[PDB]
Amino acid sequence: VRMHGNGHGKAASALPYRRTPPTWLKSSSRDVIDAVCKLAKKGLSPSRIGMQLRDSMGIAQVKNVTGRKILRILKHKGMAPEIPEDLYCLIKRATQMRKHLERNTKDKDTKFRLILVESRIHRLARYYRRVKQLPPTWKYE
Amino acid sequence: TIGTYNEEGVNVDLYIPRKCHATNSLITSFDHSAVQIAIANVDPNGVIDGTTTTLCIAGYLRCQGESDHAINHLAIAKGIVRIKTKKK
Amino acid sequence: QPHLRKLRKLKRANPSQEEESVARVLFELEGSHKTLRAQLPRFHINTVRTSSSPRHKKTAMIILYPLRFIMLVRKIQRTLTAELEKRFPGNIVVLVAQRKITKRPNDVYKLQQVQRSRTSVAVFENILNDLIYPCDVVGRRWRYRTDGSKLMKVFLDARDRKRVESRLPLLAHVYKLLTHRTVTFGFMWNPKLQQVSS
Amino acid sequence: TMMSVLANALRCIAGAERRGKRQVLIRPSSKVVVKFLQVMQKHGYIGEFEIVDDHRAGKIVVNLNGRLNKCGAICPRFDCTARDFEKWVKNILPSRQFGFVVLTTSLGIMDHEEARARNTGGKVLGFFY
Amino acid sequence: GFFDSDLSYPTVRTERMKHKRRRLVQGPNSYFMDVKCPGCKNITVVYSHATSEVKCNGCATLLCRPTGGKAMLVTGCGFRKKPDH
RNA sequence: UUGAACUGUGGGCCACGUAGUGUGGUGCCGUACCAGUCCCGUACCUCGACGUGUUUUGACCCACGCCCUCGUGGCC
RNA sequence: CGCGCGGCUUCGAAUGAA
RNA sequence: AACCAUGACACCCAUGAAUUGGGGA
Ligand SMILES: [K+]
Ligand SMILES: [K+]
Ligand SMILES: [Mg+2]
Ligand SMILES: [Mg+2]
Ligand code: NA
Ligand code: NA
Ligand code: NA
C-alpha cells in the first residue's frame, strides 16, 4: 500500500536476468562515462541522465556497462547535487503548495495534502542525517 | 506390515481401512458416497479376458465435482487411456 | 630467446613443453594476425594445465592468465581459442583468470568487511562465465531429490546450440576439476518464458 | 508487512495440503526455509522440491504426497532446554509416537529426536505431523 | 486436455498471457530498434517506449512521439528490431 | 513494540554390503509391433529388424578407514 | 575534408535491486 | 443509527456473467 494514502498500485520496472551487454552495442565503457559527464554538466538529475541514454543511445542499465551506478560516477568526479534528489523534489513541491495557499485560504484540501508532504520530508531528512548524507543539525525550515 | 504392532509380533489393529488412490486419504466407514469401479482387461482380440482393474475414489471428491478429473489421471497411469493421438 | 616474454618471468627458468609451445604460437600469432597484433603484447600467460579422461576422447588444455588482463582478452577471445585449436590438434582451448578466495570468518564484525569479489560464490560464477564466454547463462536451478542429493542445472541459449554443443561434455569436466563442483547443462529456446528445448 | 518468511512458507504448505493440491509455489524463501524443508523431506513427508533462481530471493516448487497433516511455525522462538523437550511435545503434538518439533541449535537446524541424542537445546522453530 | 501441468515448467499458452512480474521469473517487456529516417544516411537506436524526446543526429528532426505505452514513429521512418542479447 | 534476502556446511580412494534413478550395451524368448509375400475389401495368410524383461555398466544415497597445501596456486 | 607514419615533450572493481 | 453497527498492515484461497480507468495484440 502507499505510505500516505489509499492507493494500491503495482506499476514498476522488471529488470532482465541477463546482465551482460547485448554485443551489438559498440560504445565502449569510456564513451559512456564521457556522455554521463557531459549531460550532468547541463544540470540534468541522475534520473534524467538514465532516461536520455536509454531513449537515444542504446544504453540500458548503465551499471551493466562500466560497472558503476550513475550517482557513484558523479560523486567521484565531484559533480553530485548538494542534497539528494528525492528530498529536493519533495521540498520544491511543498514550496509551490505554500505559495498557492497564501492567496487561497479556504483550500482546506490542499492544507490536508501539505501536511502529508511535510510529514514525508521530516521522515526522509531523519534518514539522511543518520547515514550522514546531510550535515547534522540540518533543518527543513 | 500394516497397522500397529505390539512389542511381540501380534497385529492389534482391527479393520485396516482403504486409502484412496487419488488423495491418499483414509476412507472411513460412515462415508456413503465412496465408490469402487471395475474395468475389464481384454486380449489382443476384442473379447474380454476375465481380469478387472479396480479404482477407489474418496467420496468428498465426488461432491466437489473433481471425481471425473481424478479418474482420467488414474486410468492414464494404469495404462488404459491413450493420452494423445498418434502421429500420422 | 624472446618467446618466453609471453610466459611469466618466474616460469622462464624451467618452462614446460606445453608452456613453451603456447608461448611460441602466441609470438608468431603476434605478428601474423591483423587484429591480434594489437592488444596482444601487453598480454602474458601464467601457466598451463592439461586434463584427460578415458571418456571424452578429446583433450582439454587450461590456460590461466593474470586477472589484470581480463578486459584485454575478452576483446580477443573466440578468435584466440580458435587459432590455438588450429595449431594444436586433438585439444580444445580454454582461457581462465586466476582468483583468490577468502574463507568465511566466524565473527560478525569481520564478516561485514570481507570483499565481495573474493567470496567463493562470486568467484565460481565468474569461472563459469569464463568457460563459455561468447554465450551466457539464462537460467539456473537447484534440485533436491528425495535422498540427500543436490543437482545444479545451467541453461544456455538455443540460438547457439550448433556452435557450442560439441564442447559441453568436456567443459563440465573442466568446471568440476577447478572448483570440485558438478554442473549439468540444458538449453532454452525463448528464455523469457522458461521454455526448455528438448 | 511481511514479518516472518518462515511463518509464511509453512502457512502456504499447510494450506495447499488442506485443499488437496499436488504442488505449491513459495516465495520469497531463504536459508532457514530450505533447511526446514530438508528435515521434512529426509523423514519422508513432502517429496522432491526444487529452487528456481532469479537474481533476488528465489522461489520454491514443492511436490506433495498426501502424508502431511499440518505444519506451522512457533512465534516467538521460545527457548528450550534438553530437559524441556517433553513439555513441548505434550502441548503441540497429537501423540508422542509420531511428529516432530524442529529446533535451531548451535550445531544446526534439526528435529528434537536428533537434538536429544546429541544432548543439546535451543530455540524452537516449528513442528509437523 | 489429458496433459498434466506442473509449475516448474509451464506451457507456452499459459505463460504468454501472464503479466510481467507475475511470470516464474520476471523480465522486461521492451526492446530496441534501429530507425532510419528518410535520407540522412544515419542509423539511430531508439527505445520502444521512449518517453523522452528523440532527434536524429544529422537532420535534427524528431523521430518518435511520446505516448502512454509504446512510442509511435513518424510516418516516413521504418524500424528494425534488434536481438535481445 | 515488530521488522525482507545475501558472504557457507567439502573432494578422492577405501573395500564390500546396500542402494534408486537413468545409462549403455547383452540375450532378446512369448506377444505385440515394423518392413516384406499371397491377397482381400473397395479380411487375412506367409517372411525378415523395432519395443518388453533376464542379465549385466554410470552416477546418488546409506553402512566407512585413511588422506587431502580440505578452491586455486606456489612448493615437493 | 579524412588518413597512418617519425621524433617525440607534456600530463574500473562495486553483493542484488524485495 | 459520524454504520459496513465489521481497527490498520501482510500471505493463501473455486467458479460464471457484467462494469469504471490505463496498457498490449
Ligand atoms: K496508508
Ligand atoms: K475510474
Ligand atoms: Mg532478517
Ligand atoms: Mg526496490
Ligand atoms: Na502509517
Ligand atoms: Na448504516
Ligand atoms: Na461505534
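Reminder, nothing fancy here: chain letters follow the sequence lines and each chain counts from 1.
- By the rule that a glycosidic angle within 90° of 0 means syn, F:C60 counts as syn.
- Comparing atom distances between the E:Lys70 side chain and each of H:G24, G:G12, F:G8 picks out H:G24 as nearest.
- Shown here is D:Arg27, whose CZ atom has no more than 12 heavy atoms of other residues, nucleotides or ligands within 6.0 Å.
- Nucleotide F:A49 carries a north-puckered sugar, as indicated by a positive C1'-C2'-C3'-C4' torsion.
- Applying the 90° cutoff around 0 to the glycosidic angle, F:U55 is assigned syn.
- Of the candidate nucleotides H:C11, F:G71, F:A5, F:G71 has the atom lying nearest to any side-chain atom of C:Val123.
- For G:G12, its base never sits under 3.5 Å from the side chain of A:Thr66 at any donor and acceptor pair.
- Between the base of F:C6 and the side chain of C:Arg116 there is a donor-acceptor pair shorter than 3.5 Å.
- For C:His180, the side-chain atoms get nearest to F:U72 when compared with the rest of F:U72, G:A14, H:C11.
- A negative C1'-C2'-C3'-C4' torsion places the sugar of F:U7 in the south, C2'-endo-side range.
- In this structure, of G:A18, F:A5, F:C75, it is F:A5 that holds the atom nearest to the side chain of D:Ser30.
- Under the 90° criterion around 0 for the glycosidic angle, F:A19 counts as anti.
- B:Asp49 and B:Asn41 share no donor-acceptor pair across their side chains, judged by distance under 3.5 Å alone.
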